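Student: The structure's right below; bear with me while I get my questions together.
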Amino acid sequence: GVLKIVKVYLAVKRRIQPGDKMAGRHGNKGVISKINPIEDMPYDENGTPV
Amino acid sequence: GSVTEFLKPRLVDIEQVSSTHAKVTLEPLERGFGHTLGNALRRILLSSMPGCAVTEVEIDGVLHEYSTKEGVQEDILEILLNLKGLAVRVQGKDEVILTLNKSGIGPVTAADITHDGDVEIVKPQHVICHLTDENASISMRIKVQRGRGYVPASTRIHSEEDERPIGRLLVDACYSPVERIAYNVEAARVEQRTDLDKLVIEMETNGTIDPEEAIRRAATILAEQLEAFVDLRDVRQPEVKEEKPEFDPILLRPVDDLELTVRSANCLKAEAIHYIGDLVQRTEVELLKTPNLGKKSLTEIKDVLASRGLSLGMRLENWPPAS
Amino acid sequence: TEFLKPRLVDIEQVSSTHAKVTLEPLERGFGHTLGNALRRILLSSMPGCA
Amino acid sequence: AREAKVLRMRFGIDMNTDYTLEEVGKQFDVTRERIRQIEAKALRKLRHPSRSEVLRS
Amino acid sequence: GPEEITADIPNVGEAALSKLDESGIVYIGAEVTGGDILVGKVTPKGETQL
């Protein structure tokens, strides 16, 4: 072609946005829905949520 | 007003099992209320809680968070993650800067941090780094603030520090001091009646907060939110924003948008000239009497003003309407 | 530093008995907290004669 | 009119062929500088409106 | 004509030098978002008529 070129390596970090294709190990396909705070998720006799 | 009976709840024994685990029991409670206040207090505690957390970290010799440093067994990211779970208790501030200098062989814990008279560290044994060689040395500045409800670095794209040096590394914030929250109803053996319950609240925190202010602040939030449930005037918003700019919108921008020399910027900042709305209506006569402003600075102003189309020393006696 | 207050308040009475009330400005979980709380109060903790 | 036509004719808009200071100075009696004076004054008028300002970019 | 890598990009503000150096290349470690400039580059083109 011609002349000089410039490459720029930039790094981004993405979180688990609602819609990411996440699956298990037994063909357990799935798509993340919503986000759902910890304050309103199924818990037991202890503080441990899910 | 003269109806109903009802009762009142009160705090009893706060069994402090450990510095992180605690138990808050509320004995004077009925059956309906004792099981109703459970979810309310639980949700407000597992979220709507203050606490302190690290937001920014500036380390010497490190530009971005994807780099490393000589003599450090852990990379920068790991160090940042170790600073994520840093138990800090600030006395009476909303922003504190903790300096951390440490050299020589050995692990760098939270004890190596310069002990401040305002900052109270719960666990000074918290692993932060692992210096290998004896010639290795690290010096970082940690910024701790007081907030609520997560809020990572992705939320603030650039709404803080217009410049912000390259050295500053942004870290996610875990404000909520409460880890887990559970509660049990249980029949209360109140030496009085027979049909009463004692809402036992099992709590687990990081030790950066005591059950006292925790439960009281939570109930305070619940009360303040129930305050709007009294009267219901159905207040609407007036809206109807005005849509007719009398002057050019550019005059609403500061002098920093002019993009000029430092000296001229200091002169405008010393002459009480913040926006360009004042500089655009300031004659050269007043600019000549300005300290440290010669021919170069004046030519600089007229060139950076005429380029944007505007002029110098005009008149528009409509400043500033009309909020 | 603290929290905000609900400002937009609407109430429509589909008669003298049936009614609907909406409050817009609210944080996470608060809608459900006050929801369940008021629900548990209105369904038993209310006086009245029968 | 003696300013709209001036700016219009000088920079040549909505009339195809654009003219110079001389061809406009002859059709308006006073030659050169005078027609340039008004041409400059018109530019002075456009220092407040934001339409063309934002149209710039 | 040839295309050069410079920082003298036409129609730019203070955001130019904000992320870019004296040459026209973004500093290593700078935070960039959708819209920012990474490499200053200009291409020659006269005529245009206007």
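Letters A, B, ... mark the chains of the structure tokens in the order given; residue numbers begin at 1 per chain; ligand numbers begin at 1, in order shown.
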Output the contact residues of chain E with respect to chain B at a cut-off of 9 Å, based on only C-alpha atoms, as a ChimeraX atom specification.

Tutor: /E:13-14,18,27-31,33

Student: Based on only C-alpha atoms, which of the residues in chain B come within 10 Å of chain C? I want them as JSON, numbers by chain.

Tutor: {"B": [3, 4, 5, 6, 32, 33, 35, 36, 37, 38, 39, 40, 41, 42, 43, 44, 47, 48, 49, 50, 94, 146, 147, 148, 149, 221, 222, 224, 225, 226, 227, 228, 229, 232, 233, 234, 235, 236, 237]}

Student: Can those selected residues be exported to a file as an mmCIF file, in the first residue's frame so that it contains C-alpha atoms?

Tutor:
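Below is the file part34.cif, written as the result:
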data_model
loop_
_atom_site.group_PDB
_atom_site.id
_atom_site.type_symbol
_atom_site.label_atom_id
_atom_site.label_comp_id
_atom_site.auth_asym_id
_atom_site.auth_seq_id
_atom_site.Cartn_x
_atom_site.Cartn_y
_atom_site.Cartn_z
ATOM 1 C CA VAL B 3 -59.208 4.260 68.639
ATOM 2 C CA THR B 4 -57.217 1.011 68.452
ATOM 3 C CA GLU B 5 -55.042 -0.706 71.061
ATOM 4 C CA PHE B 6 -51.762 -2.024 69.629
ATOM 5 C CA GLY B 32 -48.746 -9.983 62.688
ATOM 6 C CA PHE B 33 -46.186 -7.220 63.177
ATOM 7 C CA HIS B 35 -43.518 -11.345 60.966
ATOM 8 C CA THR B 36 -44.220 -8.215 58.913
ATOM 9 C CA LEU B 37 -41.291 -6.082 60.081
ATOM 10 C CA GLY B 38 -39.012 -8.984 59.174
ATOM 11 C CA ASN B 39 -38.961 -8.510 55.406
ATOM 12 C CA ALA B 40 -38.970 -4.721 55.685
ATOM 13 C CA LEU B 41 -35.929 -4.594 57.962
ATOM 14 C CA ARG B 42 -34.227 -7.374 55.998
ATOM 15 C CA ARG B 43 -34.488 -5.700 52.598
ATOM 16 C CA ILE B 44 -33.514 -2.270 53.914
ATOM 17 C CA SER B 47 -29.224 -2.776 50.499
ATOM 18 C CA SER B 48 -30.218 0.625 51.880
ATOM 19 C CA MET B 49 -27.149 0.865 54.113
ATOM 20 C CA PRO B 50 -24.239 3.374 54.139
ATOM 21 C CA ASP B 94 -17.059 11.588 53.244
ATOM 22 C CA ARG B 146 -19.048 6.994 51.839
ATOM 23 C CA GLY B 147 -21.892 5.826 49.612
ATOM 24 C CA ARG B 148 -24.779 3.395 49.254
ATOM 25 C CA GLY B 149 -25.759 0.626 46.854
ATOM 26 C CA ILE B 221 -35.666 4.966 56.301
ATOM 27 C CA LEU B 222 -38.854 2.920 56.618
ATOM 28 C CA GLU B 224 -39.446 8.449 56.334
ATOM 29 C CA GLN B 225 -40.812 6.453 53.403
ATOM 30 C CA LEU B 226 -44.087 5.752 55.208
ATOM 31 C CA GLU B 227 -44.329 9.489 55.860
ATOM 32 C CA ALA B 228 -45.597 10.026 52.315
ATOM 33 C CA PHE B 229 -48.387 7.522 52.966
ATOM 34 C CA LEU B 232 -52.246 12.212 49.475
ATOM 35 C CA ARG B 233 -52.672 15.601 47.790
ATOM 36 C CA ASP B 234 -51.748 13.999 44.461
ATOM 37 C CA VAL B 235 -49.276 16.801 43.739
ATOM 38 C CA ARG B 236 -48.490 17.098 40.031
ATOM 39 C CA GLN B 237 -45.520 18.680 38.270
#

Student: Which residues of chain D sit at most 12 Å from chain E, using only C-alpha atoms? Give each one's shortest atom pair and distance in Å (one decimal place), in chain and ascending residue order, as JSON lines.

Tutor:
{"residue": "D:11", "atom": "CA", "partner": "E:50", "partner_atom": "CA", "distance": 10.9}
{"residue": "D:12", "atom": "CA", "partner": "E:50", "partner_atom": "CA", "distance": 11.2}
{"residue": "D:13", "atom": "CA", "partner": "E:50", "partner_atom": "CA", "distance": 11.2}
{"residue": "D:56", "atom": "CA", "partner": "E:11", "partner_atom": "CA", "distance": 9.8}
{"residue": "D:57", "atom": "CA", "partner": "E:11", "partner_atom": "CA", "distance": 7.3}

Student: Can I get the selected residues back with N, CA and C atoms, as a PDB file, in the first residue's frame?

Tutor:
ATOM      1  N   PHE D  11     -21.129  36.950  -2.515  1.00  0.00           N
ATOM      2  CA  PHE D  11     -20.768  35.547  -2.344  1.00  0.00           C
ATOM      3  C   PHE D  11     -21.525  34.645  -3.312  1.00  0.00           C
ATOM      4  N   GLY D  12     -22.411  35.244  -4.102  1.00  0.00           N
ATOM      5  CA  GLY D  12     -23.120  34.527  -5.147  1.00  0.00           C
ATOM      6  C   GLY D  12     -24.005  33.408  -4.633  1.00  0.00           C
ATOM      7  N   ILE D  13     -25.242  33.750  -4.288  1.00  0.00           N
ATOM      8  CA  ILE D  13     -26.214  32.760  -3.838  1.00  0.00           C
ATOM      9  C   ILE D  13     -27.588  33.025  -4.443  1.00  0.00           C
ATOM     10  N   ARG D  56     -22.892  25.407  11.504  1.00  0.00           N
ATOM     11  CA  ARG D  56     -21.464  25.376  11.211  1.00  0.00           C
ATOM     12  C   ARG D  56     -20.859  24.018  11.550  1.00  0.00           C
ATOM     13  N   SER D  57     -20.643  23.782  12.841  1.00  0.00           N
ATOM     14  CA  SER D  57     -20.047  22.538  13.320  1.00  0.00           C
ATOM     15  C   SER D  57     -18.679  22.286  12.694  1.00  0.00           C
TER      16      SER D  57
END

Student: Considering only C-alpha atoms, tabulate each residue of chain E that lies at most 9 Å from chain A along with its nearest interatomic pair and the corresponding distance in Å to one decimal; arrange the rows by chain and ascending residue number and present them as a tab-separated table.

Tutor:
residue	atom	partner	partner_atom	distance
E:2	CA	A:3	CA	8.5
E:3	CA	A:3	CA	8.5
E:4	CA	A:3	CA	8.9
E:5	CA	A:4	CA	8.9
E:25	CA	A:6	CA	8.8
E:26	CA	A:8	CA	8.7
E:28	CA	A:10	CA	9.0
E:29	CA	A:10	CA	8.8
E:32	CA	A:10	CA	8.9
E:38	CA	A:8	CA	7.6
E:39	CA	A:6	CA	7.6

Student: Please return, as a PDB file with N, CA and C atoms, in the first residue's frame, all residues of chain A lying within 9 Å of chain C when only C-alpha atoms are considered.

Tutor:
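Final output, selection-v2.pdb:
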ATOM      1  N   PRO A  37     -32.113  -7.642  42.247  1.00  0.00           N
ATOM      2  CA  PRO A  37     -31.337  -7.316  43.449  1.00  0.00           C
ATOM      3  C   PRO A  37     -31.295  -8.480  44.438  1.00  0.00           C
ATOM      4  N   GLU A  39     -31.778  -8.190  47.514  1.00  0.00           N
ATOM      5  CA  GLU A  39     -32.749  -7.873  48.551  1.00  0.00           C
ATOM      6  C   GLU A  39     -34.081  -8.590  48.359  1.00  0.00           C
ATOM      7  N   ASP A  40     -34.331  -9.077  47.147  1.00  0.00           N
ATOM      8  CA  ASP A  40     -35.595  -9.747  46.854  1.00  0.00           C
ATOM      9  C   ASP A  40     -35.415 -11.094  46.155  1.00  0.00           C
TER      10      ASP A  40
END

Student: Show me, as a VMD selection string, the residues that have an atom within 9 Å of residue 48 of chain A when counting only C-alpha atoms, minus same-chain residues fewer than 5 positions from it.

Tutor: (chain A and resid 42 to 43) or (chain B and resid 180 to 182)

Student: Write to file, as a PDB file, in the first residue's frame, the residues of the selection just made, with N, CA and C atoms.

Tutor:
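Below you can see selection_38.pdb, which holds the result:
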ATOM      1  N   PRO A  42     -34.903 -15.459  46.734  1.00  0.00           N
ATOM      2  CA  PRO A  42     -35.176 -16.639  47.563  1.00  0.00           C
ATOM      3  C   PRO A  42     -34.057 -16.963  48.550  1.00  0.00           C
ATOM      4  N   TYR A  43     -34.386 -16.979  49.839  1.00  0.00           N
ATOM      5  CA  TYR A  43     -33.422 -17.323  50.878  1.00  0.00           C
ATOM      6  C   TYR A  43     -33.973 -18.427  51.776  1.00  0.00           C
TER       7      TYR A  43
ATOM      8  N   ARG B 180     -25.072 -10.834  54.962  1.00  0.00           N
ATOM      9  CA  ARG B 180     -26.290 -11.636  54.976  1.00  0.00           C
ATOM     10  C   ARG B 180     -27.227 -11.215  56.103  1.00  0.00           C
ATOM     11  N   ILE B 181     -28.525 -11.396  55.883  1.00  0.00           N
ATOM     12  CA  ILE B 181     -29.531 -11.052  56.880  1.00  0.00           C
ATOM     13  C   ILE B 181     -30.635 -12.102  56.945  1.00  0.00           C
ATOM     14  N   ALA B 182     -30.876 -12.620  58.144  1.00  0.00           N
ATOM     15  CA  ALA B 182     -31.944 -13.586  58.367  1.00  0.00           C
ATOM     16  C   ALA B 182     -32.751 -13.194  59.598  1.00  0.00           C
TER      17      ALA B 182
END

Student: Residue 1 of chain E: which residues within 9 Å, counting only C-alpha atoms, same-chain residues fewer than 2 positions away excluded, as a PyMOL selection string?

Tutor: chain E and resi 3+43-45

Student: Which is closer to chain A than all the others in B:286, B:179, B:242, B:112, using only C-alpha atoms?

Tutor: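 Ranking B:286, B:179, B:242, B:112 by distance to chain A, first place goes to B:179.
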